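Report on the structure given below.
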Number of protein chains: 2
Amino acid sequence: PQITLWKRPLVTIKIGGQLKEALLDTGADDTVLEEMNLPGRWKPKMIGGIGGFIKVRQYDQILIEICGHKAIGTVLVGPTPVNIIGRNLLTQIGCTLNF
Amino acid sequence: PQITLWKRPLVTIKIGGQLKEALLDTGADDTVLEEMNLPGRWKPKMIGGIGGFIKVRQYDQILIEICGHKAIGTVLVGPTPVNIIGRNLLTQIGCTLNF
Ligand SMILES: CC(C)CN(C[C@@H](O)[C@H](Cc1ccccc1)NC(=O)O[C@H]1CO[C@H]2OCC[C@H]21)S(=O)(=O)c1ccc2ncsc2c1
């Protein structure tokens, strides 16, 4: 589909057996999801933006479906105020900016 | 142009007669630029990012050119880690997400 930017580019995603709303975010290097109890091993990480850093747990090779498009990659989990789909997964679903 | 997302979507902007690099950031409602001198009046505001809230100078109705596309809108200036172009201006240059 084509998504205009009048409103936040929120779409439904499926991860770890749960449906959620997430931002298609071209300004996010990595994918950062709101606190959730994923199984498996993880590594601690810090990611910074406006206002400073948050501590997140890094899970690798996590499957996510974004608008029916499947993707698999690194997912960071932590106290983010919104679910953010970053470039590492946006590339995998064939997402581009166009103007 | 069509911009893939394997690298940061960084582009050259012109604001206040000065060239800068900025990130096309579909996850940002507003445009936030690093500390700089800008002509015109401004009002202090607060914005929150992933790591908390920061104080910024809000400039209204500012001319800014993005990849040769002209926009006129609100520009926030403050201690952001990266110059970001947010949806308020991305809509003006006709930017959309596509996959
Ligand atoms: C700042 C940019 C460069 C990086 N961010 C992405 C950016 O799109 C954030 C997303 C967001 C965060 C919190 C609430 C809403 C939206 N928007 C943002 O701050 O917008 C400001 C300005 O407008 C206002 O509307 C929205 C909020 C206001 S990030 O989240 O900090 C990030 C993500 C992955 C990642 N991987 C390694 S670092 C890293 C850093």
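Quick one: of A:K55/B:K70; A:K7/B:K43; A:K7/B:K70; A:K14/B:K45; B:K20/B:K55; A:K70/B:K7, which pairs are farther than 30 Å apart, Cα to Cα? Check vs 30 Å cut-off fails for A:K55/B:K70; A:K14/B:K45.
Would you please classify the overall shape of segment B:12-99 from the alpha carbon gyration tensor, given that a ≥ b ≥ c denote the square roots of the eigenvalues, rounded means a/c under 1.5, and beyond that prolate means a/b larger than b/c while oblate covers the rest? Since a/c reaches 1.5 but b/c is at least a/b, the shape of segment B:12-99 is classed as oblate. Restricting to DSSP loop positions (anything but H, G, I, E, B) with no more than 10 other Cβ atoms inside 10 Å of their own Cβ, which trypsin sites (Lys or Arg not before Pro) remain in segment A:3-65? Counting only loop positions with at most 10 other Cβ atoms within 10 Å, the trypsin sites (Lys or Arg not before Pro) in segment A:3-65 are A:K7, A:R41.
Sorted shortest first, the separations between the A:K70 label point and its copies elsewhere in the assembly read 4.9 nm; each point sits 7 Å from Cα along the Cα-to-Cβ line. Only DSSP H runs of four or more residues enter the estimate; each adds -39500 (n - 2.57), and after division by the residues of the protein assembly as shown the mean residue ellipticity at 222 nm equals -500 deg cm²/dmol. Going toward the positive end of the dipole of chain A, with +1 on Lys and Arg Cβ and -1 on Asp and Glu Cβ, which of A:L38, A:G86, A:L10 do you reach last? Of the candidates, A:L38 comes out farthest on the positive side.
As a convention, Cβ positions derive from the backbone with ideal geometry for all residues, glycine included, and neighbour counts pool all protein chains shown. Each reported figure results from applying straightforward, stated rules to the coordinates on display, with no laboratory input.
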